[PDB]
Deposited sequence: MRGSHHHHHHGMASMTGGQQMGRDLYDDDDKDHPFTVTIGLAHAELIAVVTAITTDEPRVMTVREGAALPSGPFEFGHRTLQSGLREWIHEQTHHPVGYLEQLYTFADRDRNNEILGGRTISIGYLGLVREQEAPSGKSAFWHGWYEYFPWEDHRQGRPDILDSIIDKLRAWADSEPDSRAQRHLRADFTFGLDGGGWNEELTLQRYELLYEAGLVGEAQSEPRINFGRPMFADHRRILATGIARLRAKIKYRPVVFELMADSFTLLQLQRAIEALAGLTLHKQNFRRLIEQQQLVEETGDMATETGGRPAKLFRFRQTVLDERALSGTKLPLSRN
């Protein structure tokens, strides 16, 4: 019996919100996410990654949930397993340093004009696949916007040679990362934006007490969008996520109900998930 082996890497996407900016735990002066191999001594994948987070950041981490597993795109093999965690910063680079085209809180960023042009030049480069490439680019990058399609946009940029990690005449948008860590980060961004669009269980990102304005501003920071104010508030009351603390702030203060906190405690790292 011949057994094929490959490098098994655990990669952490730990996100915090400070000053209404989504930050991500990084290492090596922001060039990479916390990561490390999966070793014999590790009980689980999660516990092995928590060892690397501790050694490399010494920052506490709460619940973790598995993101996605990727084979390498080099040219032995490497298999990368990503995890998502939400924390409050203790004692950090921003998402949009790496994905500047994903923050539409102040309208479409002008960088998208450069991105779309180079993207359509690529789409027009081969006639037999021009129509399909225009459809993909039109669907992913805006419409003829969907904040959940963060991974599909980065995959298309990579296929089009428009990020440094593709290593094509080097064209690049946003800060590149070591190996395919920016691919992992795009997966964590997409997962968090799908989570908050329908049930924003983000008590780990908030202080115990918060106003509905602050809760909206932090969701808006994660989504990279401005949300209809009254639509967000009725979505919150619909999902029965928060309750008022009885105290005030200068606006009412709220906190996530204990039923929300306990259900997370009995769920694990593989949540019943809507889709990719």
### Task
In sequence order, name the stretches of the deposited sequence that have no C-alpha in these coordinates.
1-36, 112-117, 134-141, 195-197, 222, 305-310
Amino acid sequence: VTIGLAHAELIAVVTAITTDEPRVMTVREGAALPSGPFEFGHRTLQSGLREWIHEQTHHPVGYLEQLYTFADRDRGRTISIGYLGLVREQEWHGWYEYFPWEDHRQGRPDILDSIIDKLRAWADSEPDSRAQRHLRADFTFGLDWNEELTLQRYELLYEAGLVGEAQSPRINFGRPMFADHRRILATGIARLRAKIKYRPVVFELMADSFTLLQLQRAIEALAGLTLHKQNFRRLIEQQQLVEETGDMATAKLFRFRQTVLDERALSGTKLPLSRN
From here on, numbers count along this sequence of modelled residues.
### Task
Please work out which of 131-139 and 182-190 has the higher mean CA B-factor as recorded in the PDB entry.
131-139
### Query
Per the PDB record, is the mean Cα temperature factor higher over 37-45 or over 241-249?
241-249
### Selection from 50, 58, 234, 28 [criterion: highest C-alpha temperature factor in the record]
234
#### Entry: Among modelled residues of the same chain, the CA temperature factor third for residue 64
lowest
## Note on the structure
residue 198: CA B-factor among chain residues, third -> highest
### Query
Based on the entry's values, in what third of the chain does the Cα temperature factor of residue 106 lie: lowest, middle or highest?
highest
### Query
Relative to the other modelled residues in the chain, which third contains the C-alpha temperature factor of residue 175: lowest, middle or highest?
lowest
### Query
Relative to the other modelled residues in the chain, which third contains the C-alpha temperature factor of residue 273: lowest, middle or highest?
highest
